[PDB]
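Take a look at the structure below.
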Amino acid sequence: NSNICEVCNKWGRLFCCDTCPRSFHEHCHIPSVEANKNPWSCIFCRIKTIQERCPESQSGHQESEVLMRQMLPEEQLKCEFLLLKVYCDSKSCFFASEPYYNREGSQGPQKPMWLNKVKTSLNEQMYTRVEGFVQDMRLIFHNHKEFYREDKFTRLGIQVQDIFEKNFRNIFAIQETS
Ligand SMILES: [Zn+2]
Ligand SMILES: [Zn+2]
Ligand SMILES: [Zn+2]
C-alpha cells in the first residue's frame, strides 16, 4: 500500500485498501472509512466494480438524463467519488470551508456554498437526484466568479470547476462532443 493519503498526499493515520494499493485518512475518504469491514475496498475499487458488472454503463449519456436520475445507491456512490476527486486537487482548500464576503465593490452571494456543506448533505442523504448535487457543486464556482470579478483570484474557481467538470463527464460517462 501507499504511505501517503491518496486525497491530501500527506502521511498520518492511514487506512489501507484491501483491493488496491491506495491509502486514506479516515475523513479524506468519502464516505468516511468504515469502522470494521475486513476486507475493506475503497471508493475507487467500488466504482471500478460497478463498471465491470455493467460494461455498457460506459456508453455515452446525455447530461440532461444523468441529472434527473434518482439518488439510488449507485448514483450516491458516483457523486461521493466525484466530490472526492475535487478534494484530491490541492486548490480545493479554497472552497472547502464556509466562506465570508467583505470586499470593496462586491456583494456576497445570495446562497453561499462550499465543499464541506456538500459533503454533509451527501452524508445526510439530502439530495434526491443527481441534479441537486451537481447544482450545489456548480454554485460554489459560480459564486466565486461573481464575487471576485476582475481579480485574478477568479481563476481558482475556473481551475477547480474544470476538475469537477472533467471528472463529472468521466464518472457519469457523458457522451463525448466537439
Ligand atoms: Zn488525507
Ligand atoms: Zn481500492
Ligand atoms: Zn450490464
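In the C-alpha cells, each chain is lettered A, B, ... as it comes, each chain's residues begin at 1, and ligands are numbered from 1 in order of appearance.
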
* Could you please extract the residues within 7 Å of ligand 1, counting only C-alpha atoms and all ligand atoms, and hand them back as a VMD selection string? => chain A and resid 5 to 10 24 to 25 28

Counting only C-alpha atoms and all ligand atoms, which residues in chain A sit no more than 6 Å from ligand 2? For each one, give the nearest pair of atoms and the distance in Å, sorted by chain then residue number, as JSON lines.
```
{"residue": "A:17", "atom": "CA", "partner": "ligand 2", "partner_atom_place_in_ligand_line": "1 (Zn)", "distance": 4.7}
{"residue": "A:19", "atom": "CA", "partner": "ligand 2", "partner_atom_place_in_ligand_line": "1 (Zn)", "distance": 5.0}
{"residue": "A:20", "atom": "CA", "partner": "ligand 2", "partner_atom_place_in_ligand_line": "1 (Zn)", "distance": 4.1}
{"residue": "A:22", "atom": "CA", "partner": "ligand 2", "partner_atom_place_in_ligand_line": "1 (Zn)", "distance": 5.7}
{"residue": "A:41", "atom": "CA", "partner": "ligand 2", "partner_atom_place_in_ligand_line": "1 (Zn)", "distance": 5.1}
{"residue": "A:42", "atom": "CA", "partner": "ligand 2", "partner_atom_place_in_ligand_line": "1 (Zn)", "distance": 4.1}
{"residue": "A:44", "atom": "CA", "partner": "ligand 2", "partner_atom_place_in_ligand_line": "1 (Zn)", "distance": 5.3}
{"residue": "A:45", "atom": "CA", "partner": "ligand 2", "partner_atom_place_in_ligand_line": "1 (Zn)", "distance": 4.3}
```

Within 12 Å of ligand 3, which residues of chain A show up? Give each one with its shortest atom-to-atom distance in Å (one decimal) and the two atoms involved, counting only C-alpha atoms and all ligand atoms, rows by chain then rising residue number, as CSV.
```
residue,atom,partner,partner_atom_place_in_ligand_line,distance
A:49,CA,ligand 3,1 (Zn),11.5
A:50,CA,ligand 3,1 (Zn),9.2
A:51,CA,ligand 3,1 (Zn),8.5
A:52,CA,ligand 3,1 (Zn),8.4
A:53,CA,ligand 3,1 (Zn),6.0
A:54,CA,ligand 3,1 (Zn),3.3
A:55,CA,ligand 3,1 (Zn),5.9
A:56,CA,ligand 3,1 (Zn),5.8
A:57,CA,ligand 3,1 (Zn),6.9
A:58,CA,ligand 3,1 (Zn),10.0
A:59,CA,ligand 3,1 (Zn),11.0
```

For residue 93 in chain A, list every protein, DNA or RNA residue within 12 Å, evaluated using only C-alpha atoms, and leave out those in the same chain fewer than 3 positions away; present the list as a PDB file with C-alpha atoms, in the first residue's frame.
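Generated file (part.pdb):
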```
ATOM      1  CA  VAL A   7      -6.572  12.617  -1.415  1.00  0.00           C
ATOM      2  CA  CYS A   8      -4.329  15.037   0.502  1.00  0.00           C
ATOM      3  CA  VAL A  86     -12.402  17.562  -6.359  1.00  0.00           C
ATOM      4  CA  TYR A  87     -10.883  17.271  -2.818  1.00  0.00           C
ATOM      5  CA  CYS A  88      -7.919  15.418  -4.469  1.00  0.00           C
ATOM      6  CA  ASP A  89      -6.798  18.772  -6.059  1.00  0.00           C
ATOM      7  CA  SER A  90      -4.897  20.967  -3.615  1.00  0.00           C
ATOM      8  CA  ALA A  96     -13.743  23.575   1.495  1.00  0.00           C
ATOM      9  CA  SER A  97     -14.942  25.573   4.435  1.00  0.00           C
ATOM     10  CA  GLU A  98     -17.558  28.250   4.859  1.00  0.00           C
ATOM     11  CA  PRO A  99     -16.616  31.432   3.092  1.00  0.00           C
ATOM     12  CA  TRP A 114     -18.814  25.108  -0.018  1.00  0.00           C
ATOM     13  CA  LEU A 115     -17.399  21.566  -0.305  1.00  0.00           C
ATOM     14  CA  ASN A 116     -17.853  20.573   3.333  1.00  0.00           C
ATOM     15  CA  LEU A 156      -9.009  29.471  -8.962  1.00  0.00           C
ATOM     16  CA  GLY A 157     -12.734  28.964  -9.487  1.00  0.00           C
ATOM     17  CA  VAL A 160     -11.340  23.859  -9.779  1.00  0.00           C
TER      18      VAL A 160
END
```

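The coordinates place CA of residue 60 in chain A at 5.4 Å from CA of residue 173 in chain A.
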
* To do: Excluding range 66-80 of chain A and residues on its chain fewer than 2 positions from it, collect all residues at most 6 Å away from it, counting only C-alpha atoms, and give them as a ChimeraX atom specification.
  => /A:30,63-64,82-83,128-131

Serialized selection, N, CA and C atoms, as an mmCIF file, in the first residue's frame:
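Result went into selection35.cif, see below:
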```cif
data_model
loop_
_atom_site.group_PDB
_atom_site.id
_atom_site.type_symbol
_atom_site.label_atom_id
_atom_site.label_comp_id
_atom_site.auth_asym_id
_atom_site.auth_seq_id
_atom_site.Cartn_x
_atom_site.Cartn_y
_atom_site.Cartn_z
ATOM 1 N N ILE A 30 -14.402 9.348 1.191
ATOM 2 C CA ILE A 30 -15.761 9.653 1.194
ATOM 3 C C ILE A 30 -16.495 8.386 0.625
ATOM 4 N N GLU A 63 -26.241 14.572 -20.575
ATOM 5 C CA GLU A 63 -26.188 15.199 -19.237
ATOM 6 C C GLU A 63 -27.595 15.388 -18.654
ATOM 7 N N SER A 64 -28.551 15.784 -19.509
ATOM 8 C CA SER A 64 -29.906 16.011 -19.038
ATOM 9 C C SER A 64 -30.542 14.750 -18.412
ATOM 10 N N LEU A 82 -17.100 11.710 -7.196
ATOM 11 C CA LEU A 82 -16.876 12.952 -7.906
ATOM 12 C C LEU A 82 -16.449 14.052 -6.903
ATOM 13 N N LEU A 83 -17.134 14.104 -5.740
ATOM 14 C CA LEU A 83 -16.752 15.034 -4.619
ATOM 15 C C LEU A 83 -15.316 14.754 -4.158
ATOM 16 N N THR A 128 -32.032 14.118 -3.585
ATOM 17 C CA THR A 128 -32.889 13.087 -4.114
ATOM 18 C C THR A 128 -32.571 12.719 -5.546
ATOM 19 N N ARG A 129 -31.960 13.649 -6.295
ATOM 20 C CA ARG A 129 -31.499 13.412 -7.642
ATOM 21 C C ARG A 129 -30.076 13.921 -7.835
ATOM 22 N N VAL A 130 -29.393 13.349 -8.816
ATOM 23 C CA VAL A 130 -28.093 13.832 -9.209
ATOM 24 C C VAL A 130 -28.051 15.379 -9.411
ATOM 25 N N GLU A 131 -29.106 15.934 -10.017
ATOM 26 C CA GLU A 131 -29.186 17.350 -10.252
ATOM 27 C C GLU A 131 -28.923 18.215 -8.994
#
```

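Closest approach to residue 151 in chain A among A:48, A:169, A:27, A:103 is made by A:103 (distances from only C-alpha atoms).
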
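CA of residue 26 in chain A sits 10.1 Å away from CA of residue 12 in chain A.
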
* Can you tell me, as a VMD selection string, what residues are no more than 12 Å from residue 155 in chain A when counting only C-alpha atoms, ignoring any on the same chain fewer than 3 positions away? -> chain A and resid 91 94 141 to 142 144 to 152 158 to 162

* **Residues flagged alpha helix (DSSP H) by DSSP in chain A, as a VMD selection string** => chain A and resid 43 to 53 63 to 67 73 to 87 93 to 96 115 to 123 130 to 148 154 to 171

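Pairwise distance (CA of residue 165 in chain A, CA of residue 138 in chain A) equals 9.0 Å.
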
* **Closest of A:120, A:34, A:133, A:139 to residue 95 in chain A - atom-to-atom distances counting only C-alpha atoms** => A:139

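Remark: for residue 164 in chain A, the closest of the candidate residues A:14, A:43, A:84, A:118 is A:84 (distances computed over only C-alpha atoms).
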
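The environment of residue 140 in chain A within 6 Å, counting only C-alpha atoms and disregarding residues fewer than 3 places along the same chain, consists of residues 113, 114, 137 and 143 of chain A.
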
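Closest approach to residue 177 in chain A among A:110, A:38, A:3, A:62: A:62, based on only C-alpha atoms.
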
* To do: Check the DSSP output for the backbone and give back, as a PyMOL selection string, the residues of range 11-178 of chain A in strand (DSSP E or B).
  => chain A and resi 14-16+23-25+61+70+129+174

Dump as a PDB file, in the first residue's frame, selection limited to N, CA, C and O atoms:
```
ATOM      1  N   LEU A  14      -3.346   6.231   8.494  1.00  0.00           N
ATOM      2  CA  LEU A  14      -3.926   5.859   7.218  1.00  0.00           C
ATOM      3  C   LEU A  14      -4.636   4.505   7.338  1.00  0.00           C
ATOM      4  O   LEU A  14      -4.207   3.634   8.093  1.00  0.00           O
ATOM      5  N   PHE A  15      -5.726   4.363   6.598  1.00  0.00           N
ATOM      6  CA  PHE A  15      -6.424   3.104   6.383  1.00  0.00           C
ATOM      7  C   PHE A  15      -6.159   2.601   4.972  1.00  0.00           C
ATOM      8  O   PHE A  15      -6.310   3.316   4.008  1.00  0.00           O
ATOM      9  N   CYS A  16      -5.789   1.346   4.829  1.00  0.00           N
ATOM     10  CA  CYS A  16      -5.344   0.804   3.594  1.00  0.00           C
ATOM     11  C   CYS A  16      -6.455   0.040   2.869  1.00  0.00           C
ATOM     12  O   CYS A  16      -7.228  -0.658   3.488  1.00  0.00           O
ATOM     13  N   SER A  23      -4.193   4.384   0.017  1.00  0.00           N
ATOM     14  CA  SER A  23      -4.495   4.577   1.430  1.00  0.00           C
ATOM     15  C   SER A  23      -5.147   5.917   1.677  1.00  0.00           C
ATOM     16  O   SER A  23      -4.897   6.823   0.904  1.00  0.00           O
ATOM     17  N   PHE A  24      -5.883   6.048   2.793  1.00  0.00           N
ATOM     18  CA  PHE A  24      -6.636   7.228   3.166  1.00  0.00           C
ATOM     19  C   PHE A  24      -6.616   7.594   4.592  1.00  0.00           C
ATOM     20  O   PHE A  24      -6.758   6.753   5.492  1.00  0.00           O
ATOM     21  N   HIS A  25      -6.620   8.897   4.849  1.00  0.00           N
ATOM     22  CA  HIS A  25      -7.085   9.301   6.152  1.00  0.00           C
ATOM     23  C   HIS A  25      -8.559   8.991   6.254  1.00  0.00           C
ATOM     24  O   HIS A  25      -9.311   9.052   5.237  1.00  0.00           O
ATOM     25  N   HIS A  61     -23.811   9.098 -22.441  1.00  0.00           N
ATOM     26  CA  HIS A  61     -25.086   9.527 -21.909  1.00  0.00           C
ATOM     27  C   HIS A  61     -25.254  10.999 -22.117  1.00  0.00           C
ATOM     28  O   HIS A  61     -24.294  11.714 -22.292  1.00  0.00           O
ATOM     29  N   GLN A  70     -32.578   9.584 -10.027  1.00  0.00           N
ATOM     30  CA  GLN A  70     -32.716   9.494  -8.594  1.00  0.00           C
ATOM     31  C   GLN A  70     -31.411   9.005  -7.920  1.00  0.00           C
ATOM     32  O   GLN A  70     -30.651   8.144  -8.441  1.00  0.00           O
ATOM     33  N   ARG A 129     -31.960  13.649  -6.295  1.00  0.00           N
ATOM     34  CA  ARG A 129     -31.499  13.412  -7.642  1.00  0.00           C
ATOM     35  C   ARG A 129     -30.076  13.921  -7.835  1.00  0.00           C
ATOM     36  O   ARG A 129     -29.642  14.844  -7.145  1.00  0.00           O
ATOM     37  N   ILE A 174     -20.506  10.796 -19.838  1.00  0.00           N
ATOM     38  CA  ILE A 174     -21.243  11.750 -20.654  1.00  0.00           C
ATOM     39  C   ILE A 174     -20.721  11.592 -22.061  1.00  0.00           C
ATOM     40  O   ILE A 174     -19.537  11.383 -22.226  1.00  0.00           O
TER      41      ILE A 174
END
```
